[PDB]
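Listing of my_file.cif, mmCIF, C-alpha atoms and all ligand atoms
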data_data
loop_
_atom_site.label_atom_id
_atom_site.label_comp_id
_atom_site.auth_asym_id
_atom_site.auth_seq_id
_atom_site.Cartn_x
_atom_site.Cartn_y
_atom_site.Cartn_z
CA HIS A 3 144.31 -90.22 38.63
CA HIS A 4 142.15 -87.11 39.50
CA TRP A 5 143.55 -83.67 40.45
CA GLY A 6 144.47 -82.86 44.00
CA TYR A 7 147.30 -81.43 46.11
CA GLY A 8 149.75 -84.41 46.21
CA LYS A 9 153.24 -84.76 44.59
CA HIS A 10 151.66 -86.65 41.71
CA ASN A 11 148.38 -84.73 41.10
CA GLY A 12 149.10 -81.22 42.55
CA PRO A 13 149.07 -77.74 41.04
CA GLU A 14 152.12 -78.28 38.77
CA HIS A 15 150.16 -81.14 37.05
CA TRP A 16 146.78 -79.43 36.59
CA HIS A 17 147.63 -77.89 33.20
CA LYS A 18 147.62 -81.35 31.55
CA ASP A 19 143.83 -81.76 32.12
CA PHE A 20 143.05 -78.01 32.42
CA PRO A 21 145.28 -76.08 30.01
CA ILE A 22 143.74 -72.73 31.15
CA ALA A 23 146.00 -73.34 34.20
CA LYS A 24 148.64 -71.36 32.11
CA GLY A 25 146.11 -68.67 31.04
CA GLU A 26 146.09 -64.92 31.17
CA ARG A 27 144.03 -64.30 34.36
CA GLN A 28 144.86 -67.16 36.75
CA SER A 29 144.48 -67.00 40.56
CA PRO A 30 145.74 -66.69 43.16
CA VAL A 31 148.44 -63.97 42.84
CA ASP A 32 150.90 -62.19 45.05
CA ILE A 33 149.54 -58.78 46.07
CA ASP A 34 152.48 -56.37 45.85
CA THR A 35 151.13 -53.66 48.21
CA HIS A 36 153.47 -50.98 46.87
CA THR A 37 152.36 -51.55 43.19
CA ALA A 38 148.60 -51.88 43.89
CA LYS A 39 147.04 -48.52 43.03
CA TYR A 40 144.40 -46.74 45.08
CA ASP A 41 141.30 -46.38 42.82
CA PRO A 42 139.21 -43.58 44.42
CA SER A 43 136.35 -44.49 42.00
CA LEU A 44 135.90 -47.96 43.75
CA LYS A 45 132.81 -47.94 45.98
CA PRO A 46 132.59 -49.39 49.47
CA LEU A 47 131.72 -53.00 49.45
CA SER A 48 128.13 -53.89 50.48
CA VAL A 49 128.09 -57.23 52.36
CA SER A 50 124.39 -58.02 53.13
CA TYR A 51 124.37 -61.31 55.07
CA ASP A 52 121.53 -60.61 57.64
CA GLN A 53 119.06 -63.05 55.81
CA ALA A 54 121.72 -65.76 55.01
CA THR A 55 120.34 -69.31 55.08
CA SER A 56 123.11 -71.89 55.59
CA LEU A 57 122.01 -75.46 54.80
CA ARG A 58 124.77 -77.98 54.93
CA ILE A 59 128.52 -78.57 55.32
CA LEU A 60 130.24 -81.02 52.88
CA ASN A 61 133.77 -82.53 52.75
CA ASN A 62 134.30 -82.64 48.95
CA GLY A 63 137.75 -84.28 49.11
CA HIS A 64 139.53 -80.91 48.50
CA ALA A 65 138.13 -78.68 51.26
CA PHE A 66 134.84 -78.36 53.16
CA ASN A 67 132.05 -76.15 51.83
CA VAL A 68 129.39 -74.45 53.98
CA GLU A 69 126.50 -74.22 51.48
CA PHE A 70 123.73 -71.59 51.46
CA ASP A 71 120.25 -71.35 49.94
CA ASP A 72 120.94 -69.18 46.85
CA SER A 73 117.40 -69.61 45.32
CA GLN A 74 116.66 -65.94 46.37
CA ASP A 75 118.58 -62.71 47.20
CA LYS A 76 119.17 -63.56 50.89
CA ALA A 77 122.94 -63.06 51.32
CA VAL A 78 124.44 -60.80 48.68
CA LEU A 79 127.58 -58.90 47.81
CA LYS A 80 127.30 -55.64 45.87
CA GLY A 81 129.29 -52.43 45.25
CA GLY A 82 133.06 -52.27 45.40
CA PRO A 83 134.19 -53.14 41.85
CA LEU A 84 130.99 -55.07 41.09
CA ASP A 85 128.13 -54.23 38.73
CA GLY A 86 124.90 -55.81 39.96
CA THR A 87 124.08 -58.37 42.63
CA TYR A 88 126.11 -61.45 43.55
CA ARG A 89 124.47 -64.19 45.67
CA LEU A 90 126.43 -66.18 48.28
CA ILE A 91 126.43 -69.90 47.35
CA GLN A 92 129.14 -71.34 49.67
CA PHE A 93 132.23 -70.59 51.64
CA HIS A 94 135.32 -72.73 52.17
CA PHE A 95 138.93 -72.39 53.30
CA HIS A 96 142.42 -73.30 52.11
CA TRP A 97 145.04 -74.02 54.86
CA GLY A 98 148.48 -75.34 55.55
CA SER A 99 150.24 -78.18 57.40
CA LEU A 100 152.05 -75.40 59.42
CA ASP A 101 151.03 -71.87 60.50
CA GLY A 102 153.59 -70.38 58.00
CA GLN A 103 151.67 -71.46 54.91
CA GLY A 104 148.13 -72.14 53.75
CA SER A 105 146.85 -68.96 52.03
CA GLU A 106 146.47 -68.84 48.26
CA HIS A 107 146.92 -65.09 47.85
CA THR A 108 150.08 -63.67 49.38
CA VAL A 109 150.79 -60.10 50.46
CA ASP A 110 154.31 -58.93 49.61
CA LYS A 111 155.10 -62.71 49.41
CA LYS A 112 153.76 -63.27 52.98
CA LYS A 113 151.74 -66.51 53.32
CA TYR A 114 148.97 -66.59 55.96
CA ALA A 115 147.93 -69.76 57.87
CA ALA A 116 144.71 -70.03 55.84
CA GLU A 117 142.35 -68.16 53.54
CA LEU A 118 138.51 -68.01 53.60
CA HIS A 119 136.70 -67.78 50.22
CA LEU A 120 133.07 -66.54 50.28
CA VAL A 121 131.84 -67.47 46.78
CA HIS A 122 129.10 -65.45 45.08
CA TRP A 123 127.56 -65.59 41.58
CA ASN A 124 126.16 -62.81 39.40
CA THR A 125 122.36 -63.09 39.42
CA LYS A 127 122.15 -61.74 35.84
CA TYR A 128 123.30 -65.26 34.72
CA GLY A 129 120.49 -67.12 36.52
CA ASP A 130 122.50 -70.04 38.05
CA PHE A 131 126.04 -70.76 39.20
CA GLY A 132 126.75 -73.16 36.31
CA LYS A 133 125.99 -70.39 33.75
CA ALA A 134 127.87 -67.76 35.78
CA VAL A 135 131.19 -69.67 35.78
CA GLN A 136 131.11 -69.48 31.94
CA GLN A 137 131.20 -65.62 32.08
CA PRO A 138 134.19 -63.30 32.72
CA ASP A 139 132.16 -61.45 35.38
CA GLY A 140 130.21 -64.48 36.68
CA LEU A 141 131.63 -64.80 40.18
CA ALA A 142 132.80 -62.57 43.01
CA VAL A 143 134.96 -64.29 45.62
CA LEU A 144 135.58 -62.44 48.88
CA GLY A 145 138.92 -63.62 50.26
CA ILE A 146 139.83 -63.16 53.94
CA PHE A 147 143.22 -64.14 55.41
CA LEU A 148 143.52 -66.11 58.66
CA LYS A 149 146.41 -65.66 61.10
CA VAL A 150 146.93 -67.72 64.23
CA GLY A 151 146.46 -65.85 67.51
CA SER A 152 143.20 -65.28 69.40
CA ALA A 153 140.23 -67.54 68.68
CA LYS A 154 137.54 -66.36 66.25
CA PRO A 155 134.32 -67.08 68.21
CA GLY A 156 132.15 -67.07 65.09
CA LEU A 157 134.30 -69.87 63.57
CA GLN A 158 133.83 -72.34 66.46
CA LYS A 159 130.47 -73.75 65.23
CA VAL A 160 132.30 -74.69 61.97
CA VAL A 161 135.28 -76.24 63.84
CA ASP A 162 132.99 -78.33 66.08
CA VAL A 163 131.12 -80.04 63.17
CA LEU A 164 134.32 -81.12 61.34
CA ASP A 165 134.49 -84.45 63.30
CA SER A 166 131.16 -85.40 61.59
CA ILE A 167 132.56 -84.78 58.04
CA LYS A 168 136.06 -86.16 58.43
CA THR A 169 136.21 -87.93 55.06
CA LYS A 170 135.43 -87.20 51.39
CA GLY A 171 131.70 -87.32 50.55
CA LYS A 172 130.45 -86.81 54.15
CA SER A 173 127.97 -83.98 54.74
CA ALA A 174 126.09 -82.73 57.81
CA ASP A 175 123.14 -80.40 58.41
CA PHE A 176 124.51 -76.89 59.09
CA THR A 177 121.57 -74.50 59.49
CA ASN A 178 121.44 -71.04 61.10
CA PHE A 179 125.18 -70.31 60.66
CA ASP A 180 125.87 -66.58 60.41
CA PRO A 181 128.82 -65.80 58.12
CA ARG A 182 128.99 -62.20 59.49
CA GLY A 183 130.95 -63.75 62.39
CA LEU A 184 133.86 -64.57 60.02
CA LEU A 185 134.44 -60.93 58.83
CA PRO A 186 137.17 -58.61 60.09
CA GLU A 187 136.29 -55.07 61.27
CA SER A 188 137.48 -53.27 58.11
CA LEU A 189 136.18 -53.96 54.58
CA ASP A 190 139.26 -52.29 52.95
CA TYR A 191 140.24 -54.52 50.00
CA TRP A 192 142.30 -55.23 46.91
CA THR A 193 140.58 -56.32 43.70
CA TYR A 194 141.71 -57.87 40.38
CA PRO A 195 140.24 -60.12 37.69
CA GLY A 196 141.14 -63.80 38.05
CA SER A 197 140.05 -67.37 38.16
CA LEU A 198 138.82 -70.28 40.24
CA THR A 199 141.89 -71.52 42.15
CA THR A 200 140.96 -75.22 41.62
CA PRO A 201 140.09 -77.11 38.47
CA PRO A 202 138.41 -76.24 36.20
CA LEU A 203 140.34 -72.94 36.84
CA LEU A 204 137.71 -70.95 34.86
CA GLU A 205 138.56 -67.28 34.31
CA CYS A 206 135.22 -66.03 35.74
CA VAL A 207 136.14 -64.38 39.08
CA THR A 208 136.29 -60.81 40.32
CA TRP A 209 138.56 -61.28 43.34
CA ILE A 210 138.03 -59.01 46.34
CA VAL A 211 140.71 -59.68 49.00
CA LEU A 212 140.30 -57.97 52.37
CA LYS A 213 143.41 -56.25 53.79
CA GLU A 214 142.60 -57.07 57.44
CA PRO A 215 143.07 -60.71 58.38
CA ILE A 216 140.95 -62.45 61.01
CA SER A 217 142.63 -64.16 63.97
CA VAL A 218 141.88 -67.83 64.70
CA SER A 219 143.35 -69.93 67.50
CA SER A 220 145.98 -72.65 67.06
CA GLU A 221 143.31 -75.10 68.33
CA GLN A 222 140.83 -73.99 65.60
CA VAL A 223 143.30 -74.46 62.73
CA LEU A 224 144.55 -77.80 64.24
CA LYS A 225 140.97 -79.06 63.84
CA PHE A 226 141.01 -78.12 60.11
CA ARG A 227 144.18 -80.25 59.80
CA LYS A 228 142.40 -83.42 61.19
CA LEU A 229 140.13 -83.56 58.15
CA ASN A 230 140.89 -86.18 55.45
CA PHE A 231 141.22 -85.93 51.68
CA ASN A 232 140.39 -89.65 51.47
CA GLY A 233 137.03 -91.36 51.66
CA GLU A 234 135.97 -93.51 54.66
CA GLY A 235 137.83 -96.87 54.81
CA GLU A 236 140.68 -95.55 52.60
CA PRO A 237 144.24 -94.85 53.79
CA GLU A 238 144.29 -91.64 55.85
CA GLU A 239 145.73 -88.61 54.08
CA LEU A 240 145.36 -85.47 56.15
CA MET A 241 143.57 -82.56 54.45
CA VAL A 242 146.41 -80.01 54.66
CA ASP A 243 148.17 -77.77 52.13
CA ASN A 244 145.03 -77.56 49.92
CA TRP A 245 146.27 -74.24 48.40
CA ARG A 246 147.40 -73.28 44.91
CA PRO A 247 150.55 -71.10 44.88
CA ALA A 248 150.67 -67.60 43.40
CA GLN A 249 150.37 -67.49 39.58
CA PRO A 250 151.83 -64.92 37.17
CA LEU A 251 150.05 -61.56 37.26
CA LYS A 252 150.56 -61.05 33.49
CA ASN A 253 148.64 -58.09 32.06
CA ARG A 254 146.71 -57.22 35.24
CA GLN A 255 146.54 -54.38 37.73
CA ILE A 256 145.57 -54.90 41.36
CA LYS A 257 143.46 -51.98 42.64
CA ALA A 258 143.21 -50.87 46.28
CA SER A 259 140.01 -49.46 47.83
CA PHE A 260 142.11 -47.56 50.42
CA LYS A 261 145.12 -45.17 50.74
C1 LIG B 1 131.12 -76.47 41.32
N1 LIG B 1 132.36 -77.23 41.12
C2 LIG B 1 132.74 -77.94 42.36
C3 LIG B 1 133.50 -77.02 43.29
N2 LIG B 1 134.00 -75.86 42.54
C4 LIG B 1 133.66 -74.58 42.52
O1 LIG B 1 132.54 -74.22 42.39
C5 LIG B 1 134.71 -73.54 42.85
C6 LIG B 1 134.30 -72.38 43.53
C7 LIG B 1 135.22 -71.51 44.08
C8 LIG B 1 136.58 -71.79 43.95
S1 LIG B 1 137.74 -70.67 44.64
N3 LIG B 1 138.88 -71.53 45.35
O2 LIG B 1 136.99 -69.82 45.55
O3 LIG B 1 138.39 -69.99 43.54
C9 LIG B 1 136.99 -72.93 43.29
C10 LIG B 1 136.06 -73.80 42.77
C11 LIG B 1 134.66 -76.31 41.32
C12 LIG B 1 133.59 -76.76 40.34
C13 LIG B 1 133.33 -75.72 39.24
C14 LIG B 1 132.82 -76.28 37.94
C15 LIG B 1 132.48 -75.43 36.90
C16 LIG B 1 132.09 -75.94 35.67
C17 LIG B 1 132.02 -77.30 35.46
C18 LIG B 1 132.33 -78.16 36.50
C19 LIG B 1 132.72 -77.66 37.73
ZN ZN B 2 138.90 -71.28 47.40
#
How does the structure come out when it is put into structure tokens?
Amino acid sequence: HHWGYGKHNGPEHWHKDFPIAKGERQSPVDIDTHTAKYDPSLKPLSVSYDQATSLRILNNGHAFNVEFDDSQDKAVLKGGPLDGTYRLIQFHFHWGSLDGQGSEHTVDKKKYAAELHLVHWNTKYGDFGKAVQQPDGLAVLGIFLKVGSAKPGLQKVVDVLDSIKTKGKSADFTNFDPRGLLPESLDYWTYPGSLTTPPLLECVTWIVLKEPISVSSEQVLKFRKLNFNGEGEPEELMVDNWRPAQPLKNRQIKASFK
């Protein structure tokens, strides 16, 4: 009876195995755009993905992860609110059963069709497993997806999903360039939070881009053909793999822009 996104094991149940679910810096949150304060001391974000080495794509039963070689400073996130150098380890998405839901963060209570999480760890902690034990261990770059025009740099991801339909399937996924998933603007909101899945560790500096990317209805439909289940198990479509907004509590969301 493991955690997931069903009626019996979904987000309202997680606190029983992961009591930090009710903690003081849980993610995601609603971004109230009128209350977020411009912080003119925030620096521009530095996204340095030119030497990124993608390796593999994995259906983990909760989402799919595009994994990178993080054994050197190849694809890194710096600046913005961050002190030091954060290495890209993987990206994944959260999405809905319908275009009107799927994002984890909301903006003035608006839900987007999906949300991309580019996950990075602070190199001062040496490995990802050590970093998630620290309050400044991770930086997750969050990008909203809306349905409209296709995102050409997403199609190589969409086209491999048939090969990883079920939990535990992986596929080679070399030479994928995550720069093709970014919007034009790097304007962002930032706040201290958590992993949005168990173990819900309070180790993330969230950086949420204001500008969503557009994907096509056909691209997101292909996300919704994935399976939560393993091969030869009853089919349960991988949809609505998002945690809803959690209480902001004693936190301030800062804006990089006016
Ligand atoms: C390493 N795994 C397995 C997968 N996972 C994560 O690494 C992770 C990353 C990003 C997010 S998010 N949606 O961007 O906030 C959520 C979870 C969870 C988990 C983390 C973990 C940490 C310590 C002990 C055991 C497991
Ligand atoms: Zn995520």
Residue nearest residue 261 of chain A - candidates A:118, A:174, A:184, A:44, atoms counted: all atoms listed in the file: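 Under the stated criterion, the closest residue is A:44.
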Could you list, as a PyMOL selection string, all residues that come within 9 Å of ligand ZN 2 (chain B)? Count only C-alpha atoms and all ligand atoms. chain A and resi 65+93-96+106+117-121+143+145+198-200+245
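Across A:55, A:178, A:206, A:80, the tightest approach to residue 128 of chain A is made by A:206 when counting only C-alpha atoms.
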Tell me which protein, DNA and RNA residues are within 12 Å of residue 30 of chain A, counting all atoms listed in the file, leaving out same-chain ones fewer than 5 positions away, and put them as a PDB file with C-alpha atoms, in the frame of the given file.
ATOM      1  CA  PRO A  13     149.070 -77.740  41.040  1.00  0.00           C
ATOM      2  CA  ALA A  23     146.000 -73.340  34.200  1.00  0.00           C
ATOM      3  CA  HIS A  96     142.420 -73.300  52.110  1.00  0.00           C
ATOM      4  CA  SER A 105     146.850 -68.960  52.030  1.00  0.00           C
ATOM      5  CA  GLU A 106     146.470 -68.840  48.260  1.00  0.00           C
ATOM      6  CA  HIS A 107     146.920 -65.090  47.850  1.00  0.00           C
ATOM      7  CA  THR A 108     150.080 -63.670  49.380  1.00  0.00           C
ATOM      8  CA  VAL A 109     150.790 -60.100  50.460  1.00  0.00           C
ATOM      9  CA  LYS A 111     155.100 -62.710  49.410  1.00  0.00           C
ATOM     10  CA  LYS A 113     151.740 -66.510  53.320  1.00  0.00           C
ATOM     11  CA  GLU A 117     142.350 -68.160  53.540  1.00  0.00           C
ATOM     12  CA  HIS A 119     136.700 -67.780  50.220  1.00  0.00           C
ATOM     13  CA  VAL A 143     134.960 -64.290  45.620  1.00  0.00           C
ATOM     14  CA  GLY A 145     138.920 -63.620  50.260  1.00  0.00           C
ATOM     15  CA  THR A 193     140.580 -56.320  43.700  1.00  0.00           C
ATOM     16  CA  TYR A 194     141.710 -57.870  40.380  1.00  0.00           C
ATOM     17  CA  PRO A 195     140.240 -60.120  37.690  1.00  0.00           C
ATOM     18  CA  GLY A 196     141.140 -63.800  38.050  1.00  0.00           C
ATOM     19  CA  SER A 197     140.050 -67.370  38.160  1.00  0.00           C
ATOM     20  CA  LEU A 198     138.820 -70.280  40.240  1.00  0.00           C
ATOM     21  CA  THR A 199     141.890 -71.520  42.150  1.00  0.00           C
ATOM     22  CA  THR A 200     140.960 -75.220  41.620  1.00  0.00           C
ATOM     23  CA  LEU A 203     140.340 -72.940  36.840  1.00  0.00           C
ATOM     24  CA  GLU A 205     138.560 -67.280  34.310  1.00  0.00           C
ATOM     25  CA  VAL A 207     136.140 -64.380  39.080  1.00  0.00           C
ATOM     26  CA  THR A 208     136.290 -60.810  40.320  1.00  0.00           C
ATOM     27  CA  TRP A 209     138.560 -61.280  43.340  1.00  0.00           C
ATOM     28  CA  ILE A 210     138.030 -59.010  46.340  1.00  0.00           C
ATOM     29  CA  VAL A 211     140.710 -59.680  49.000  1.00  0.00           C
ATOM     30  CA  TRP A 245     146.270 -74.240  48.400  1.00  0.00           C
ATOM     31  CA  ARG A 246     147.400 -73.280  44.910  1.00  0.00           C
ATOM     32  CA  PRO A 247     150.550 -71.100  44.880  1.00  0.00           C
ATOM     33  CA  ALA A 248     150.670 -67.600  43.400  1.00  0.00           C
ATOM     34  CA  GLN A 249     150.370 -67.490  39.580  1.00  0.00           C
ATOM     35  CA  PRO A 250     151.830 -64.920  37.170  1.00  0.00           C
ATOM     36  CA  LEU A 251     150.050 -61.560  37.260  1.00  0.00           C
ATOM     37  CA  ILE A 256     145.570 -54.900  41.360  1.00  0.00           C
TER      38      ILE A 256
END
With all atoms listed in the file as the basis for distance, which of A:241, A:115, A:22, A:141 is at the shortest distance from ligand LIG 1 (chain B)?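 That would be A:141, the residue with the smallest distance to ligand LIG 1 (chain B).
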Any idea what's packed within 12 Å of residue 87 of chain A, counting all atoms listed in the file, ignoring anything in its chain fewer than 6 positions away? Could you give it as a ChimeraX atom specification? /A:47-50,74-81,122-125,127-129,139-142
Distance query residue 103 of chain A at most 8 Å, only C-alpha atoms, self and fewer than 3 positions along chain excluded, as an MDAnalysis selection string: chainID A and resid 97:100 113:116 243
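For the pair atom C7 of ligand LIG 1 (chain B) and atom CA of residue 234 of chain A, the separation is 24.4 Å.
Here atom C5 of ligand LIG 1 (chain B) and atom CA of residue 151 of chain A stand 28.4 Å from one another.
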Which one of A:59, A:191, A:14, A:38 sits closest to residue 177 of chain A if you count only C-alpha atoms? A:59
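Between atom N2 of ligand LIG 1 (chain B) and atom CA of residue 173 of chain A the separation is 15.8 Å.
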Using only C-alpha atoms and all ligand atoms, which residue out of A:63, A:237, A:46, A:83 lies closest to ligand LIG 1 (chain B)?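 The closest residue to ligand LIG 1 (chain B) is A:63.
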Shortest interatomic distance to ligand LIG 1 (chain B) - which of A:136, A:166, A:222, A:232, counting all atoms listed in the file: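 Under the stated criterion, the closest residue is A:136.
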For ligand LIG 1 (chain B), what centre and edge lengths in Å (one decimal) does the axis-aligned box get once 6 Å is added on each side of all its listed atoms, as AutoDock Vina command-line options?
--center_x 135.0 --center_y -74.0 --center_z 40.5 --size_x 19.8 --size_y 20.3 --size_z 22.1
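For the point (130.7, -83.3, 55.3), the residues with at least one atom inside 10 Å, counting only C-alpha atoms, are residues 58, 59, 60, 61, 62, 63, 65, 66, 67, 68, 163, 164, 165, 166, 167, 168, 169, 170, 171, 172, 173, 174, 175, 176 and 229 of chain A.
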Any idea what's packed within 8 Å of residue 183 of chain A, counting all atoms listed in the file, ignoring anything in its chain fewer than 6 positions away? Could you give it as a tab-separated table (two decimals) with C-alpha atoms, in the coordinates of the input?
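The resulting file, out.tsv, is shown below:
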chain	number	residue	atom	x	y	z
A	155	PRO	CA	134.32	-67.08	68.21
A	156	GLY	CA	132.15	-67.07	65.09
A	157	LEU	CA	134.30	-69.87	63.57
Could you list, as a ChimeraX atom specification, every residue within 12 Å of residue 3 of chain A, counting all atoms listed in the file and ignoring same-chain residues fewer than 4 positions away? /A:7-8,10-12,15-16,18-19
